[PDB]
2 protein chains.
Amino acid sequence: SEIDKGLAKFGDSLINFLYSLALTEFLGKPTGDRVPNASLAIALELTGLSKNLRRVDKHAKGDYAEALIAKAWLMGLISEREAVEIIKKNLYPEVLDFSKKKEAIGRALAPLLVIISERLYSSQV
Amino acid sequence: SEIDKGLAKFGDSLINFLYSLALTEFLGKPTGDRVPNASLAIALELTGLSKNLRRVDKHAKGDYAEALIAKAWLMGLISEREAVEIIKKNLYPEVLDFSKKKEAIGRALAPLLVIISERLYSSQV
């Protein structure tokens with residue numbers, strides 16, 4: 001596996017905070033909503049990043065995305081405010097729709113993963 | 001003393017992030033966890049703040065504690081850094097034990113609730 005369990009756990013707490021802060025500003029009122037695992041997987045596949053995953057990790061696409069986010073943040077490659085703005089600019093009214101929330105959140109996270117993956121690669125000397 | 005669920009949900013995301021940052025430094029490696037509702041309720045009663053609400057508002061003790069943290073952070077009464085330090089100073093290994101984590105996490109958050117509560121009164125009154 002290429003997934004560090006610790007990184008994924010840290011990433012889970014981080015992305016939920018970032019998403020809830022983006023949702024709070026988007027709606028103009030304090031709120032929160034747990035990021036579904038399926039939304040993270042949907043984002044990883046939309047960006048094409050899931051094509052680099054080994055078989056052993058195919059059922060853990062969400063954990064992979066979480067660890068990616070955690071790694072970028074711990075290295076100082078992306079700030080809280082910048083992540084929030086990226087998410088917010090892609091949020092839609094479907095965010096308040098249980099029937100379409102999984103897809104909607106995944107769509108809003110896809111651009112964040114692209115930016116994060118690009119910065120990690122560009123950090124290498 | 002009001003218990004707005006929206007504010008509680010935001011607080012849940014915020015406290016999970018702050019707690020995961022503290023746990024990460026306490027363990028010396030990237031990790032995370034989610035604060036159980038029961039731990040927040042225990043913290044509230046340990047501080048004795050659970051005296052404010054009613055006997056019927058007992059099922060909302062955890063949510064009330066969360067909402068308080070969110071209110072303080074949103075108002076700018078406490079920073080991420082300071083909240084993380086308060087938590088870490090009160091973390092113990094029992095936090096890693098699944099059979100004792102419930103009470104252990106409540107013990108670590110009690111001091112934070114005390115400070116926040118004092119700042120919410122010493123300012124907003």
Side-chain angles (χ1 to χ4, degrees), chain A residues 1 3-17 20 32-38 40 56-57 59-60 62-64 66-67 69-70 74, chain B residues 3 5 8-53 55-70 72-73 80 82-117:
Chain A
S1 174
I3 307 181
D4 189 9
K5 311 277 284 181
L7 272 53
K9 278 155 75 67
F10 181 86
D12 164 48
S13 75
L14 175 60
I15 194 61
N16 270 292
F17 168 67
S20 292
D33 194 14
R34 277 181 177 175
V35 177
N37 173 85
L40 293 166
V56 69
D57 289 336
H59 284 164
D63 301 60
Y64 185 101
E66 286 173 338
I69 298 173
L74 294 168
Chain B
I3 310 170
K5 187 60 184 177
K9 299 181 72 55
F10 174 73
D12 194 346
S13 80
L14 169 67
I15 197 61
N16 281 347
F17 176 50
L18 299 170
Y19 182 77
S20 292
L21 284 165
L23 190 64
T24 286
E25 287 166 36
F26 175 80
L27 292 181
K29 65 183 181 58
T31 186
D33 194 2
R34 293 180 171 180
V35 179
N37 184 74
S39 300
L40 288 154
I42 287 174
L44 194 68
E45 55 203 15
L46 280 174
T47 64
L49 293 173
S50 53
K51 262 60 180 175
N52 301 303
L53 312 178
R55 184 64 180 67
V56 294
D57 300 348
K58 179 170 293 184
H59 292 177
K61 288 184 178 180
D63 290 344
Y64 181 81
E66 270 176 342
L68 262 49
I69 295 175
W73 184 81
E80 175 219 81
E82 171 167 50
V84 172
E85 285 292 347
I86 299 166
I87 303 172
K88 293 199 304 170
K89 292 191 178 305
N90 296 283
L91 287 177
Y92 295 87
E94 295 88 295
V95 140
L96 309 176
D97 199 307
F98 75 89
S99 59
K100 306 178 182 59
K101 193 173 66 173
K102 187 185 297 180
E103 171 80 304
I105 296 179
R107 293 272 178 185
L109 296 182
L112 179 68
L113 289 176
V114 174
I115 289 175
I116 284 170
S117 184

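In the text below, chain A, chain B and the rest are named by the order of the sequence lines, each starting its count at 1. For the numbers below, each heavy atom of this structure counts, side chains included, while hydrogens, waters and symmetry mates do not.
- With values rounded to the nearest 0.5 angstrom, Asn37(B) atom CG is found 10.0 Å from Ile42(B) atom CD1.
- Listed here is the closest heavy atom pair of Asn90(B) and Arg107(B): CB-O, 4.4 Å.
- Panel note: side chain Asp57(A), backbone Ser1(A); no donor-acceptor pair is recorded below 3.5 Å.
- Of all non-hydrogen atoms in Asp4(A) and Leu7(A), the two that sit nearest each other are OD2-CD1, 2.7 Å.
- Salt-bridge check for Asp33(A) with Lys9(B): failed, with every basic side-chain N at 4.0 Å or more from each acidic carboxylate O.
- Going from atom CD1 of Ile86(B) over to atom CG of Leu109(B) covers 10.5 Å, rounded to the nearest 0.5 Å.
- You'll find the side chain of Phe26(B) stays beyond 4.5 Å of the side chain of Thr31(B), heavy atoms only.
- One distance of note links CG of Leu112(B) with CD of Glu85(B); it measures 12.0 Å at 0.5 Å rounding.
- When side chains are defined from C-beta on, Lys61(B) does not count as touching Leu40(B), because their heavy atoms never get closer than 4.5 Å.
- Side-chain atoms of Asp63(B) do not come within 3.5 Å of backbone N or O of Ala60(B) as any donor-acceptor pair.
- Atom CD1 of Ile15(B) is separated from atom CZ of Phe10(B) by 11.0 Å, given to the nearest 0.5 angstrom.
- Closest non-hydrogen pair, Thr47(B) versus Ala110(B), comes out as CG2-O, 3.4 Å.
- For the pair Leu96(B) and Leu23(B), the minimum side-chain heavy-atom distance is below 4.5 Å.
- Of the inter-residue distances, the one linking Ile105(B) atom CD1 with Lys100(B) atom NZ reads 13.5 Å to the nearest 0.5 angstrom.
- Residues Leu74(A) and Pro30(B) form a side-chain contact, since some pair of their non-hydrogen atoms from C-beta on lies under 4.5 Å apart.
- Proximity of a side-chain donor or acceptor of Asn16(A) to a complementary backbone N or O of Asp12(A) within less than 3.5 Å is detected.
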(request) In sequence, state the C-alpha distance, the side-chain angles, and the governing distance for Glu80(B) and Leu21(B), and then conclude on side chain to side chain contact (heavy atoms under 4.5 Å, CB included). (result) CA-CA 9 Å; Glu80(B) 175 219 81; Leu21(B) 284 165; 3.8 Å; yes

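- For the atom pair OG (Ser20(B)) and CZ (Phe17(A)), the distance works out to 12.0 Å, reported to the nearest 0.5 Å.
- Residue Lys102(B) qualifies as open at atom NZ: its count of foreign heavy atoms under 6.0 Å is 12 or below.
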